[PDB]
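Single-structure report; data block below.
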Amino acid sequence: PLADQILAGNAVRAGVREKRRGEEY
Amino acid sequence: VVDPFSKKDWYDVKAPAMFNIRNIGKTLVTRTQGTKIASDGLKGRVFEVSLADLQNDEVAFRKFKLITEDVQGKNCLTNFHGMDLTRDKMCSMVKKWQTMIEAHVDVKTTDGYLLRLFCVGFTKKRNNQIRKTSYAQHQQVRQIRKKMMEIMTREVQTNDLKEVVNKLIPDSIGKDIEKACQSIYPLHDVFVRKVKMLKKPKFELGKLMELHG
Amino acid sequence: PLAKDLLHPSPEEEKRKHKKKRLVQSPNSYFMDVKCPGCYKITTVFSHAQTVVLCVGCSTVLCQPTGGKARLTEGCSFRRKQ
Amino acid sequence: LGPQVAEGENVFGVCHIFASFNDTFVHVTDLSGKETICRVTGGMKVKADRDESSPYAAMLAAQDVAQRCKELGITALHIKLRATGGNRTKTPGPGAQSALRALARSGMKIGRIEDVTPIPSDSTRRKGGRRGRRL
Amino acid sequence: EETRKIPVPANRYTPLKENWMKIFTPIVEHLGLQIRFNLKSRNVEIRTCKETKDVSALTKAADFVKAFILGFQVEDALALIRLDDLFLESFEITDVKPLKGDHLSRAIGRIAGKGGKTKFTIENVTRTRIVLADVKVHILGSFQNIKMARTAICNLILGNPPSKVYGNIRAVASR
RNA sequence: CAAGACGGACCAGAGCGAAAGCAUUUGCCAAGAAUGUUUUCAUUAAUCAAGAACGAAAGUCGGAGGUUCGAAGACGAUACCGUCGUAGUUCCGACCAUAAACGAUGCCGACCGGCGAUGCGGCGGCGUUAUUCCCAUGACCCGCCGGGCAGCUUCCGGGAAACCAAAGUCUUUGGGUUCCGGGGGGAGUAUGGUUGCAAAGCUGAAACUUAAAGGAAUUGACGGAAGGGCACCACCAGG
């Protein structure tokens with residue numbers, strides 16, 4: 018749709034990205 | 021430096037007695053400052069009023085030009101000046117796989133209002149027809165055009181503008197030609213698409229009293 | 002398909018074909034007797050007549066020429082010959 | 017000031033919106049069209065030829081003419097659209113729709129819409145050459 | 073009350089019938105507006121009621137069905153319902169250059185492009201929608217986006233190859 | 001109110017005309033295709049040089065008119081673009097006779113596929129309509145025949161292929177007849193002749209040089225371009 022393309026063109030992608038970084049006895 | 025609209029004043033313009041709705045509205049006119057009279061400034065004013073603003077239940081695609089030439093003390097009196105169809109109707113009514121037949125007459129009425137009539141009809145598809153196109157041959161188009169001229173001339177020439185305008189209110193002329201041309205090639209949407217006013221006689225004020233009441 | 006006898010065509014097929022294109026050409030026209038209702042005399046007219054045919058005594062119009070066959074007047078009777 | 021008309025019934029004017037391909041005119045008149053009330057272009061709202069034909073300039077023009085008519089008392093309008101017509105384009109552009117929307121937003125009642133543009137039966141030769149276009 | 077009328081042509085009657093559900097549900101649900109299909113006059117009748125507010129929606133709803141009259145999809149006219157400054161602008165192909173017969177057809181073919189591809193590109197680049205009628209061109213979008221797509225289309229019927237316009241229209245939308 | 005122009009939409013798988021071309025109504029004028037024909041003549045026919053008729057647009061002479069557009073030209077911006085605008089564009093009367101004037105495809109004839117649309121004429125036929133028409137006739141519907149215009153398709157054969165119902169019926173080569181070509185440049189040049197006021201138009205070489213010039217399709221590659229993804233041996237905020 019045209020509304021979806023305009024709204025998605027003026028917004029920011031967010032969310033998905035994973036970073037793998039980095047007792048009892 | 022000073023607002024001229026405070027100097028202006030409001031006058032009332034009203035439709036004649038052939039229509040249901042009579043009060044067609046207001047007109048802003050300058051007051052007389054001795055140089056120019058207001059009556060001369062409002063003696064030639066043409067109004068483009070739709071039919072549904074003149075009658076309640078009627079159609080809206082029919083427009084009447086009404087000419088105003090009279091004053092009666094905050095009461096403008098108007099008279100017929102022309103008739104035409106809306107551009108929306110004229111554009112939507114010209115389809116494709118079908119012929120347009122159109123004609124015009126110059127004709128004098130019974131009381132001097134010489135006028136020109138333009139009408140348009142369209143060839144019609146039958147209900148059991150499977151052919152895409154409904155085209156009339158040239159001689160059928162000429163016969164249909166001659167019949168249009170004869171019919172419109174016969175119910176414009178023998179009557180007065182009261183009866184002419186009350187014919188134009190439901191457009192009995194178009195349905196008359198539609199019924200009359202069913203034996204040459206059947207017709208679809210027959211309307212008197214334009215009414216002109218080529219000539220107006222000498223002004224008489226009693227006839228406006230008859231046309232208004 | 003690819004096999005039909007040309008010497009013996011079916012009569013509806015021969016009737017359908019163009020008059021020149023038949024096995025042996027033959028016309029589509031005929032001569033007929035017409036009787037005017039205003040008299041008793043018989044007149045021989047061509048079916049595709051191009052001339053207006055008048056009665057010998059009554060002098061009424063018997064046929065009007067048209068594009069193809071002639072239009073006999075409403076009221077006359079006719080009978081095809083042979 | 018204003019027409020001596022009761023609260024139930026309004027007063028009709030007509031408003032010619034002329035959306036040329038460089039700016040947009042808003043010319044409001046009475047039902048006859050003889051006497052005028054207001055007319056606001058793209059130039060009297062923005063002082064930039066960039067935004068002369070802009071929908072924003074037409075929006076400001078329509079708000080200005082709507083508040084002016086409600087000041088004077090014309091509380092309903094018939095609307096007559098117009099393009100530049102003739103040999104040129106015949107269709108009202110975004111400026112006309114912007115002006116119509118903006119003066120509909122003002123709360124003033126809108127009457128009958130009619131597209132009145134000078135479409136010729138047949139006219140003269142086109143402004144461009146046999147080659148010449150917009151860009 | 074207030075009422076608008078929209079004429080539907082004969083070629084648009086079957087898509088109007090087959091898509092009618094998603095025409096009237098976006099008008100009666102979140103605009104609170106009344107609509108009917110007058111078959112005798114072949115019109116769309118849109119009228120207000122006691123359940124409507126934000127009166128401009130009426131006018132906006134009008135443009136909605138008008139776009140579906142002119143050949144746009146239901147989703148793009150739905151965008152006309154949602155967004156506030158969206159416009160539809162229209163011009164004829166002969167309005168920029170006199171094109172006769174086969175030249176007019178070739179001009180249409182260059183605007184459409186092979187498989188439709190070229191016209192899709194302009195839409196996908198300019199966030200507009202483009203309906204090619206028999207001769208008319210209708211562009212639905214914002215004013216700057218309409219200006220961009222109209223310049224690209226006029227360049228396609230300037231005589232320029234579709235390839236140069238493809239590359240250049242991908243380049244110009246970076247401003 | 002006026003002046004000239006143009007006849008939009010309807011307007012097409014259309015129609016007409018030898019082609020160029022032709023779209024407001026009405027009247028007049030003389031032609032014509034196709035169809036119908038148990039008319040007439042009786043081989044009168046096909047192709048053709050010179051010449052003749054018309055021949056888009058532009059252009060050259062005499063007038064009339066100049067609405068729009070607009071070569072040249074004058075400005076303003078940056079060859080493109082905008083403002084003004086000459087000749088021209090329009091009409092009459094003489095010229096010039098060229099186009100990608102295309103189907104890039106002499107003319108006449110015979111044989112050879114499918115489907116279902118269209119234009120005109122003719123033929124046969126139930127029905128519905130002309131406010132149930134009171135008979136014919138128009139308008140639709142069904143079928144057929146004849147030439148037309150034009151789609152999609154085809155193990156008809158043909159072709160280098162694109163494609164072609166002719167560009168097929170061709171090494172299994174002969175239906176009749178005209179024009180024209182013989183590798184690429186030199187060169188449409190020089191010269192000779194002809195025509196045209198003129199511009200130019202028709203015809204038109206060789207010496208020498210050269211191994212290519214060219215046609216039809218389809219994708220290998222192809223510096224690159226547009227989207228993503230991961231990374232403190234990349235960045236942001238820092239130490």
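Chains as they are written, first to last, in PDB author numbering: chain w, 18 to 39, 47 to 49; chain B, 21 to 233; chain b, 2 to 83; chain O, 17 to 151; chain x, 73 to 247.
Every residue, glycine too, gets a C-beta built ideally from N, C-alpha and C.
Per-residue contacts from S26(B) into chain O (C-beta, under 8 Å): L17
8 Å CB neighbourhood of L176(x) in its chain, flanking five on each side removed: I165, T166, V207
Beta-bridge partners of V215(B), as assigned by DSSP: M103(B), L137(B)
Neighbouring residues, chain w, relative to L176(x) (Cβ below 9 Å): Result: empty, since nearest Cβ-Cβ is about 28 Å, beyond 9 Å.
Cα-Cα separation between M220(x) and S246(x), rounded to whole angstroms: 12 Å
Counted within 10 angstroms of its Cβ, other Cβ atoms place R242(x) as buried (16 or more) or exposed: exposed
Three-state secondary structure assigned by DSSP to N29(b): coil
Per-residue DSSP class, three states only, for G226(B): helix
4 or more residues per run - each alpha helix (DSSP H) lying fully within the segment 119-186 of chain B: 158-177
Complete runs of the alpha helix (DSSP H) confined to the segment 54-135 of chain O [at least 4 residues]: 71-88, 110-121
Cβ of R66(O) within 8 Å of any chain x Cβ: no
Own chain residues within Cβ distance below 6 Å of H208(B), not counting five before or after: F142, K144
Closer than 8 Å to chain w by CB, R201(x): yes
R154(x) to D73(B) span [Cα, whole Å]: 34 Å
Identity of the residue in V161(B), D90(B), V114(B) nearest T106(B) by Cα: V114(B)
Alpha carbon of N179(B) to alpha carbon of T130(B), nearest angstrom: 6 Å
Residues sharing a beta bridge with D60(B), DSSP: The partner list for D60(B) (beta bridge, DSSP) is empty, contrary to what the question assumes.
In DSSP terms, what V91(B) is bridged to: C96(B)
Rounded straight-line distance, which links the Cα of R51(B) to that of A58(B): 6 Å
Simplified DSSP state of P87(x), which is helix, strand or coil: helix
Residues sharing a beta bridge with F67(B), DSSP: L86(B)
Spatial neighbours of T75(x) in its chain, beta-carbon cut-off 8 Å, leaving aside the 5 residues before and after: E117, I118, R119, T120
Buried or exposed by the 16-neighbour rule on C-beta atoms within 10 Å, applied to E87(O): exposed
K167(B) to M120(B) span [Cα, whole Å]: 15 Å
With 16 other Cβ atoms within 10 Å as the buried cut-off, status of residue 317(B): The structure shown has nothing for residue 317(B), since chain B only spans 21 to 233.
Delimiting residues of the beta strand (DSSP E) encompassing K34(B): 29-34
Proximal residues of chain x, C-beta to C-beta of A20(w) below 9 Å: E147, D148, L150, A151, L152, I153, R154, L155, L158
Counted within 10 angstroms of its Cβ, other Cβ atoms place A64(O) as buried (16 or more) or exposed: exposed
Simplified DSSP state of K116(B), which is helix, strand or coil: coil
Assigned exposure category for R42(B) - 16 Cβ within 10 Å defines buried: exposed
Residue environment, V244(x), which counts as buried when at least 16 other CB atoms sit within 10 Å: exposed
Inter-stretch contact at 8 Å, needing at least 3 Cβ pairs: the segment 111-128 of chain O / the segment 25-39 of chain O: yes
Whole-angstrom C-beta distance between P108(O) and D131(O), which should lie under 8 Å: 7 Å
Beta-carbon gap between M172(B) and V140(B) smaller than 8 Å: no
Minimum Cβ-Cβ distance from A82(x) to chain B less than 8 Å: yes
Chain w contact for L105(x) (CB, 8 Å cutoff): no
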